[PDB]
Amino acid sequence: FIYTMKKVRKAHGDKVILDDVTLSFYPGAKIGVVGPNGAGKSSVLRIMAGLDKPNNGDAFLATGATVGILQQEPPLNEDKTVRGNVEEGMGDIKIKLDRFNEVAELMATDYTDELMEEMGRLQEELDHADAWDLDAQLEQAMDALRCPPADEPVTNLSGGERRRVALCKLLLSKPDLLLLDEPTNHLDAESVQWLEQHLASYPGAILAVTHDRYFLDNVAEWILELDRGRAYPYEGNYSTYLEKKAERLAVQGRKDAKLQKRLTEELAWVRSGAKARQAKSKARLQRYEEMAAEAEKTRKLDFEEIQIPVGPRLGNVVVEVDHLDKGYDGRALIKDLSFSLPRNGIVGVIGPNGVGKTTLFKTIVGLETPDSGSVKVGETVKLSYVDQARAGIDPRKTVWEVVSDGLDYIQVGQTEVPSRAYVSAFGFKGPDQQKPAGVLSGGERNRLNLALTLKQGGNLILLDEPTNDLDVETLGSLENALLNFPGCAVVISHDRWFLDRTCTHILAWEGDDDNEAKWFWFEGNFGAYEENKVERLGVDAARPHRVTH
């Protein structure tokens, strides 16, 4: 009410000292302003004092409110004495009290009954205003602040004396908005004590820029921290401010520690040899039950990073493919392919465009059926899968509406995830979450479909080029999510780093001119598959070639 700043910005050239400051001060509010030197504190006070106007935005004083400012070079009436300066702060009441005392000392030398009537009117007016308590408060203030002798000329006074006189005048003018720039300057400790006890009961609102911590703990109701033009309000006094700031630091530090462990795992992986990489992948293949038991302890996730919630427990039979033949019209895509998918296995599917990878996905899910052979999926298996071409029939639904179904929390198996954070983890941050599904780019639709795939509880995750439109950071996040996932996953991707980092197996197209539909099943990652391919077929035939059919 008493003052409002809306998108206020203040700059002198390249230095931005106020940056979209938007604050609303309730009447009588006590704010202490803190921040390093050059943060912008005195500029805020000067704008609120009406000495400065912002370059952009609205800086508005409540109409009918009064303002007073204490600044480094305080303005004093140089043609008036100390007591005169301090008296000038108070308005009409001081002139009427001086007139009352004048008529009082006039009625002893002279008399007039109309002077008595004037005195009765003045007494009523001043009693209705508590004028004599104001003169008493003037004397108490001048005494407690160690003001100079009340009849001294203010031109000869030093900076400290002038500052004390200005502070006294300002305190007695009692503005509705009181602005103090380092008020404890040139005050002794007991004077600071008195000033603090006085301003604690002060009626108006106060903006005090000070490093005096007892002042900030005993006077401030809000702590306004300024830093390079941004303003961070903290509700409470100085101690509450300490508590809240320490908590914000602790939270940010926990997040940074998570990121630290993930960055260190990525560095350790890239620096490791092939022996340790095969050790790690086969070890993953040998520890499904331990990981599942551990992961089934969690029942909620604060989705700061991508995490894949554990699904149902898996049996030994996951996916069994036996002599699979599959094609369309006269062109065969797969001929006589057989493999068994082990528990905790990550399969990388690789091959050129149009050879049958998505067709294999659809045969596994059962939207397509084999022309020969068998694809058996265990009764214990639950699929997480979205069609790559998934399109929404309602174009008006926003990304968050599509993923969350309107709910603040998403159930994924036994795990609860906050929907806003979940959708944010896939690159939809802020207003991107409100973008309608009908106007999504190809990459936005890809990330939407990935989020839709992973919110399905399951132990077999099917991913079709999930690296699309992800940055390197989110790539590492998805890698970590897969490395901590207890179920199985089949992944189509051209990202070789991802394949080497996560896959225990490779299923690769190796079609020939004679047989376009041969595939090879390999235990190991992409680099091991390529080396084995060179060893198996020779370097010239392991090289990529254009496909003909």
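Numbers follow the displayed sequence, beginning with 1.
Set 15 to 23 against 532 to 540 and average the Cα temperature factors; 15 to 23 ends up higher.
Relative to one another, 53 to 61 and 26 to 34 have unequal mean CA B-factors, and 53 to 61 is the one with the higher figure. Set against one another, the Cα B-factors of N468, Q193, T359, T155 in the record reach their highest point at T155.
Sorting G487, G524, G68, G40 by the CA temperature factor given in the entry leaves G40 at the top. The deposited CA B-factor of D336 belongs to the highest third of values across its chain. Remark: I95 belongs to the highest third of its chain, ranked by C-alpha B-factor as recorded. Looking at the C-alpha B-factors along this chain, the one for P75 belongs to the highest third. Remark: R228 belongs to the highest third of its chain, ranked by C-alpha B-factor as recorded. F303 sits in the middle third of its chain by CA B factor, as recorded in the PDB entry.
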